[PDB]
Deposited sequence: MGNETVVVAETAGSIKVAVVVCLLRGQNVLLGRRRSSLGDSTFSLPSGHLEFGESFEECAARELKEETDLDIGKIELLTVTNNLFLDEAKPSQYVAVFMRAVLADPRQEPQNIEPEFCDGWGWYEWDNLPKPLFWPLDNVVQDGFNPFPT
């Protein structure tokens, strides 16, 4: 019965956020997320997750919020927003075992179904854009 910390990233470019289709939460749309690794800052975790999942290099990583998500496991999800270090770059599906693909979505028109921990914060008015 373990408590785990995930870092979830709202990678923003213009009016769009990056979402991928997951392969917990199979085939729902979700933000880049992953487990905080010991020694990591939230920002380092966010950057590593994006690099590992999409090969994207992100920057201006900023804390947004944190949520509590119960499953034998409980995830404290730390939400960060970021931008691309080079906005000309596009995500590459580097981990097809965990993701079917990446896309840019407008916050006003998110895809469905969202991974339920993400729907939960969207339901609460979560908005990563400044």
{"property": "Chain regions without C-alpha coordinates, deposited sequence numbering", "result": "1 to 12, 36 to 37, 86 to 90, 150"}
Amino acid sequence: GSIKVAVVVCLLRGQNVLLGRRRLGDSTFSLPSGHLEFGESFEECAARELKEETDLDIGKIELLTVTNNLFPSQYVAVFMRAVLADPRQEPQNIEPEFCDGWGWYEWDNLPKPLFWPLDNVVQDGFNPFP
From here on, numbers count along this sequence of modelled residues.
query: Comparing 115 to 123 with 6 to 14, the one whose average Cα B-factor in the PDB entry is higher; finding: 115 to 123
query: Of 92 to 100 and 38 to 46, the stretch whose C-alpha atoms average the higher B-factor in the entry; finding: 92 to 100
query: Top residue by Cα temperature factor, when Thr67, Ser27, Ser33, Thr54 are compared in the entry; finding: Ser27
query: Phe79 - Cα temperature factor, lowest/middle/highest third of chain; finding: lowest
